[PDB]
Amino acid sequence: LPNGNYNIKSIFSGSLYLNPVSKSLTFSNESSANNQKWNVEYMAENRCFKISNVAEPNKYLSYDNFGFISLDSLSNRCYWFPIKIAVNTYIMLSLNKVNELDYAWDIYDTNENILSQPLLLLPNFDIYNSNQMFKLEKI
Amino acid sequence: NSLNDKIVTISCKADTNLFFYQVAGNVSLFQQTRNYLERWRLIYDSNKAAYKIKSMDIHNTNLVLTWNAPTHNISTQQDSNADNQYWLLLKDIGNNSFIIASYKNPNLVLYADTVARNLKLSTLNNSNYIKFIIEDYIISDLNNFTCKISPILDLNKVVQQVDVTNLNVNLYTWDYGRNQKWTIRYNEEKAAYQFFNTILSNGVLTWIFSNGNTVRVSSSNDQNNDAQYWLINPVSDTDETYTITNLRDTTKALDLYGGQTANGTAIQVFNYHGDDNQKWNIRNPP
Amino acid sequence: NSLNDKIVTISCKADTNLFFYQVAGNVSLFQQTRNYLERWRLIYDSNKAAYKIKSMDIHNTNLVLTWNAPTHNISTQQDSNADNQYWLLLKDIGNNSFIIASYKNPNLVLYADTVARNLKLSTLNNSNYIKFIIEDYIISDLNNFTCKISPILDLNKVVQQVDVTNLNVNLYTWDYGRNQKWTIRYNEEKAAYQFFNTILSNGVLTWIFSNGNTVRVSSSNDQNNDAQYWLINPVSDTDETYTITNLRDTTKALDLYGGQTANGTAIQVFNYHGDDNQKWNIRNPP
Amino acid sequence: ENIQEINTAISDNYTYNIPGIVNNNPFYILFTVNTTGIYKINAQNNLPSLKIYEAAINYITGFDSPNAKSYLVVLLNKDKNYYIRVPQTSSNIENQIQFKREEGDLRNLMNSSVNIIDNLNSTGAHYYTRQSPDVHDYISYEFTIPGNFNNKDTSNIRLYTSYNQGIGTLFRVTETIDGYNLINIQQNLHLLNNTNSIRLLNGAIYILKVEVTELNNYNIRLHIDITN
């Protein structure tokens with residue numbers, strides 16, 4: 001996964017884009033703004049990726065003590081371990097085991113509708129959970 | 001078809017002195033008010049198997065507990081019957097507490113932020129911060145309430161025990177005496193209340209069916225007497241007014257002898273009639 | 001603790017014909033067997049406020065439902081009282097079903113894969129795949145069970161209705177007729193059962209209390225007669241033997257007249273003493 | 001045919017730049033590995049395809065089809081020598097040969113060339129002709145099912161051979177920062193005139209590893225017919 005700026009999308013929708021809304025992360029209508037742009041940087045020492053918001057470049061995708069993905073300053077919670085499962089489809093694990101499991105970005109859907117859902121961090125067991133699949137589109 | 005349409009208070013297992021409190025669209029956690037600001041009607045939708053939680057606010061009558069998805073915030077918004085306004089009420093058996101999960105995303109449940117005094121969300125875990133006590137508002141208001149009890153025919157009079165040794169019960173003018181105050185206790189098992197007189201450690205208001213129609217207080221370490229127990233029913237469209245019916249014989253309401261607003265008038269039971277010497281004001285002693 | 005030590009079956013809200021079934025450490029979803037392979041003892045720990053779900057397997061006596069962390073798989077493993085062997089039983093009120101959450105990680109709950117016919121852990125959603133029916137195993141076994149009923153004094157004879165027009169109930173040699181078969185139905189509200197004779201549509205075993213100790217079949221569109229309803233209590237050490245007591249007066253037990261075993265012998269009610277003529281085998285019709 | 005040499009024994013990672021002045025001729029690279037292990041070897045964009053030889057000199061794997069994309073996955077012993085035949089770059093852009101030690105699932109692919117298939121844009125018939133490995137030797141194919149991926153949309157894939165009999169193993173491919181992950185989804189697939197279809201996810205990547213069990217033709221021709 002090359003370094004650079006990406007849009008981030010759920011496989012449930014090709015027209016909804018990851019952005020912060022208050023302290024949550026959600027997928028929204030295309031804005032063409034910096035807040036839908038994500039700077040992916042590989043970290044050689046731990047073989048993971050940190051992912052910062054272009055609009056707020058000192059804030060990274062992280063997670064809180066409540067099960068939500070968040071946008072925070074750098075910490076070991078900001079390291080993501082992706083599993084590429086298709087062209088530019090990924091499962092995004094936290095680098096750290098959480099509650100001694102793999103945990104992954106997870107977006108809840110109601111009949112494939114994700115509007116207004118917050119992105120959460122939930123257990124991962126395999127590569128087939130649709131709610132854990134995300135598109136990284138270079139742009 | 002058990003909680004549906006019930007008006008309840010909701011308090012925190014992590015802090016039983018904090019209740020869900022609503023003012024102008026804002027939901028917080030606040031001490032007990034015994035008024036509509038902390039009352040909620042549970043409105044069941046049978047096809048969703050989930051509930052709307054609706055504020056009994058007398059000014060804005062259409063506000064329901066709402067998750068402001070995708071944020072961490074909970075507020076009250078106009079009822080639009082939206083998924084973010086429905087909640088699964090999951091009773092944790094053995095614990096007698098509830099988890100309250102969002103219908104819109106059942107992985108997320110209410111979390112009591114007791115330091116911030118407001119509501120948040122969390123995935124499920126074992127902490128007390130996601131457990132809640134849901135109680136019929138009358139029980140909630142009266143349980144462990146220390147009150148004074150007045151006939152509506154003379155508010156300045158009061159049901160009293162006579163003294164620490166004379167365990168008889170008569171009417172007398174309010175003088176703030178401990179013999180004139182009652183700590184109400186709800187017994188979840190018998191689904192009824194007892195009135196503990198505060199001049200005794202274990203003296204409770206007891207219908208002495210033996211001498212027919214009369215009422216004294218006596219020891220509460222007599223264990224299985226269902227005349228030591230009472231039912232309290234709100235007189236319709238009041239705030240403080242109730243009927244008090246005895247457990248052993250629910251036709252037998254607590255009665256002010258003859259309607260006589262006078263000192264020393266006997267307190268007894270009589271057959272129910274909805275008639276004014278059988279209505280009572282239960283209030284905080286000023 | 002109202003569930004502590006209870007023996008239950010657990011079936012799928014998604015497919016009520018599928019039950020949790022255990023053999024040699026494997027948990028699967030299987031059709032009803034009415035035997036120990038589908039029975040589980042709920043074991044409460046008050047400190048954790050969570051339950052072990054212990055298989056009633058007769059050979060391996062210490063197997064409990066276990067989450068195979070970090071995978072999403074479930075199995076039965078030896079009981080070591082581990083957090084991954086404890087479960088929160090969360091009753092979804094109004095839906096009469098349970099969500100069963102891992103105590104080790106309540107983010108995850110049991111999910112029924114009805115096409116692989118096994119269980120896994122899953123995050124929450126609003127589907128019936130995460131909802132289960134937990135039922136006392138006797139109610140589970142007998143509810144909607146079409147049976148024949150025999151006195152233990154002679155298992156070759158059955159309690160029968162005489163014929164379609166003759167509503168009397170007597171003892172006769174088993175001949176496979178529908179007047180000799182009964183469909184048991186549990187009434188949720190009454191917490192009691194009826195026995196519908198299969199030769200009729202709405203005819204139930206009834207104590208004719210206005211005629212002393214007589215029992216006959218009569219119609220079940222007589223609606224509030226407790227005399228139409230029965231308690232069915234297992235006899236210890238036995239798989240098929242029950243005492244059957246009348247809901248109107250539980251001291252009245254289904255009774256074989258005299259303990260006589262001849263064809264035609266009366267079936268009646270009598271004061272309960274637990275003699276052999278008040279014990280009944282409820283069995284599959286061969 | 002100028003033989004060049006990587007004098008230093010390579011380990012884990014190595015990149016060798018084609019001079020460019022040797023592109024007008026088939027040319028060889030002599031090398032050895034620091035430690036015995038399974039290596040992925042390829043040109044810059046898997047182009048051109050490479051051949052590898054053991055040094056007696058013995059052909060191991062690889063072929064020579066012009067404009068055919070491929071990479072080699074081979075078990076290399078630190079005791080022996082190895083030759084890489086690079087074919088004619090009839091286009092004077094400078095190429096690079098990449099050597100990488102594989103510690104993960106790609107080890108399932110030794111020893112074989114993996115053909116990059118990139119013309120599966122639709123339903124219908126497709127086939128691919130390469131020089132056939134001898135009996136018990138392997139040839140692999142990495143392809144992507146046409147369509148957009150949604151973990152639901154799916155196509156019927158008929159995989160078969162024309163003349164040679166072969167046993168196929170089908171893998172599902174995912175990728176992390178550490179290279180490929182492989183899920184072995186099918187085994188023992190008899191390819192010669194196989195009439196069984198397989199439903200595979202649209203937009204997903206798969207690898208078919210084929211073991212030649214009967215050499216009836218100098219070439220092996222793999223058919224991937226797609227229906228919906």
# chains A, B, ... in the order shown; residues from 1 in each chain; ligands from 1
$ select_by_dssp --residues "stretch 108-244 of chain B" --states "strand (DSSP E)" --output "PyMOL selection string"
chain B and resi 108-113+118-123+132-136+146-151+157-161+169-173+182-187+192-197+203-208+214-219+230-234+241-244
$ closest_atom_pairs --of "chain C" --to "chain B" --cutoff "6 Å" --atoms "only C-alpha atoms" --output "CSV"
residue,atom,partner,partner_atom,distance
C:1,CA,B:94,CA,5.1
C:90,CA,B:92,CA,4.9
C:91,CA,B:91,CA,5.3
C:92,CA,B:90,CA,4.9
C:106,CA,B:125,CA,4.6
C:107,CA,B:124,CA,4.7
C:124,CA,B:107,CA,4.7
C:125,CA,B:106,CA,5.3
$ residues_around --residues "stretch 223-240 of chain C" --least-positions-apart "2" --cutoff "6 Å" --atoms "only C-alpha atoms" --output "ChimeraX atom specification"
/C:192-194,206-207,221,242-248,281-282
$ residues_around --residues "residue B:85" --least-positions-apart "6" --cutoff "7 Å" --atoms "only C-alpha atoms" --output "count of residues only"
5
$ closest_residue --among "A:13, A:65, A:7, A:117" --to "chain B" --atoms "only C-alpha atoms"
A:117
$ residues_around --residues "residue D:168" --least-positions-apart "4" --cutoff "8 Å" --atoms "only C-alpha atoms" --output "list in words"
residues 187, 188, 189, 190, 191, 208, 209, 210 and 211 of chain D
$ write_last_selection --atoms "C-alpha atoms" --output "compact mmCIF listing (two decimals), in the first residue's frame"
# COMPACT_ATOMS: atom_id res chain seq x y z
CA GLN D 187 -7.84 -28.94 -3.97
CA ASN D 188 -7.60 -31.94 -6.30
CA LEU D 189 -9.20 -30.15 -9.25
CA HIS D 190 -8.77 -32.37 -12.31
CA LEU D 191 -8.44 -29.86 -15.13
CA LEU D 208 -4.59 -21.50 -9.55
CA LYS D 209 -1.55 -23.72 -8.97
CA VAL D 210 -1.39 -26.55 -11.49
CA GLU D 211 0.58 -29.79 -11.20
$ closest_residue --among "C:96, C:261, C:60, C:118" --to "residue C:154" --atoms "only C-alpha atoms"
C:261
$ residues_around --residues "residue A:125" --least-positions-apart "4" --cutoff "8 Å" --atoms "only C-alpha atoms" --output "PyMOL selection string"
(chain A and resi 102) or (chain C and resi 70-72)
$ residues_around --residues "stretch 16-20 of chain A" --least-positions-apart "5" --cutoff "8 Å" --atoms "only C-alpha atoms" --output "list in words"
residues 7, 8, 9, 10, 25, 26, 27, 28, 29, 30, 35, 36 and 71 of chain A
$ write_last_selection --atoms "N, CA and C atoms" --output "short mmCIF file (atom, residue, chain, number, x, y, z; two decimals), in the first residue's frame"
data_model
loop_
_atom_site.label_atom_id
_atom_site.label_comp_id
_atom_site.auth_asym_id
_atom_site.auth_seq_id
_atom_site.Cartn_x
_atom_site.Cartn_y
_atom_site.Cartn_z
N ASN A 7 -9.02 8.47 -0.42
CA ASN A 7 -10.37 8.51 0.15
C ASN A 7 -10.59 7.15 0.81
N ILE A 8 -11.44 7.10 1.84
CA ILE A 8 -11.77 5.82 2.46
C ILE A 8 -13.27 5.55 2.44
N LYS A 9 -13.62 4.37 1.91
CA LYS A 9 -14.99 4.01 1.65
C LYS A 9 -15.28 2.63 2.21
N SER A 10 -16.54 2.43 2.57
CA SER A 10 -17.08 1.12 2.93
C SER A 10 -17.52 0.41 1.66
N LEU A 25 -16.19 9.17 13.65
CA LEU A 25 -15.86 8.99 12.24
C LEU A 25 -17.09 8.39 11.56
N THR A 26 -17.44 8.93 10.40
CA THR A 26 -18.61 8.46 9.69
C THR A 26 -18.39 8.60 8.18
N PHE A 27 -19.24 7.96 7.38
CA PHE A 27 -19.14 8.02 5.93
C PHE A 27 -20.24 8.93 5.43
N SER A 28 -19.86 9.98 4.70
CA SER A 28 -20.79 11.04 4.30
C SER A 28 -20.75 11.32 2.80
N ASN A 29 -21.68 12.16 2.34
CA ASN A 29 -21.67 12.58 0.94
C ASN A 29 -20.34 13.22 0.57
N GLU A 30 -19.96 13.06 -0.69
CA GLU A 30 -18.73 13.62 -1.22
C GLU A 30 -18.71 15.13 -0.98
N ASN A 35 -11.14 17.23 4.60
CA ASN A 35 -11.55 16.34 5.68
C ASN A 35 -11.98 14.95 5.20
N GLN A 36 -12.10 14.77 3.89
CA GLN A 36 -12.32 13.42 3.36
C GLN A 36 -11.03 12.82 2.77
N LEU A 71 -10.14 10.43 16.21
CA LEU A 71 -9.09 11.19 15.56
C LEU A 71 -8.27 11.80 16.69
#
$ closest_atom_pairs --of "chain D" --to "chain A" --cutoff "7 Å" --atoms "only C-alpha atoms" --output "tab-separated table"
residue	atom	partner	partner_atom	distance
D:150	CA	A:11	CA	5.8
D:151	CA	A:130	CA	6.6
D:173	CA	A:85	CA	6.4
D:174	CA	A:85	CA	3.7
D:175	CA	A:84	CA	3.8
D:176	CA	A:83	CA	4.5
D:177	CA	A:1	CA	6.6
D:203	CA	A:86	CA	6.6
D:204	CA	A:86	CA	5.0
D:205	CA	A:86	CA	6.0
$ closest_residue --among "D:157, D:200, D:185, D:93" --to "residue D:169" --atoms "only C-alpha atoms"
D:185
$ closest_residue --among "C:131, C:55, C:23, C:171" --to "residue C:153" --atoms "only C-alpha atoms"
C:171
$ interface_residues --of "chain A" --to "chain B" --cutoff "6 Å" --atoms "only C-alpha atoms" --output "PDB file with C-alpha atoms, in the first residue's frame"
ATOM      1  CA  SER A  24     -16.836  10.390  15.643  1.00  0.00           C
ATOM      2  CA  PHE A  66     -15.674   3.134  24.333  1.00  0.00           C
ATOM      3  CA  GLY A  67     -15.272   1.124  21.153  1.00  0.00           C
ATOM      4  CA  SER A 116     -24.971   8.242  10.198  1.00  0.00           C
ATOM      5  CA  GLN A 117     -23.274   5.141  11.633  1.00  0.00           C
ATOM      6  CA  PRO A 118     -20.051   5.750  13.553  1.00  0.00           C
TER       7      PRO A 118
END
$ atom_distance --atom1 "atom CA of residue D:184" --atom2 "atom CA of residue A:93"
21.8 Å
$ select_by_dssp --residues "stretch 46-176 of chain D" --states "helix (DSSP H, G or I)" --output "list in words"
residues 105, 106, 107, 108 and 109 of chain D
$ write_last_selection --atoms "C-alpha atoms" --output "short mmCIF file (atom, residue, chain, number, x, y, z; two decimals), in the first residue's frame"
data_model
loop_
_atom_site.label_atom_id
_atom_site.label_comp_id
_atom_site.auth_asym_id
_atom_site.auth_seq_id
_atom_site.Cartn_x
_atom_site.Cartn_y
_atom_site.Cartn_z
CA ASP D 105 1.84 -18.10 2.29
CA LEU D 106 3.52 -17.54 -1.09
CA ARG D 107 5.67 -20.55 -0.15
CA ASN D 108 2.67 -22.60 -1.31
CA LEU D 109 3.76 -21.74 -4.87
#
$ atom_distance --atom1 "atom CA of residue D:70" --atom2 "atom CA of residue D:217"
21.4 Å
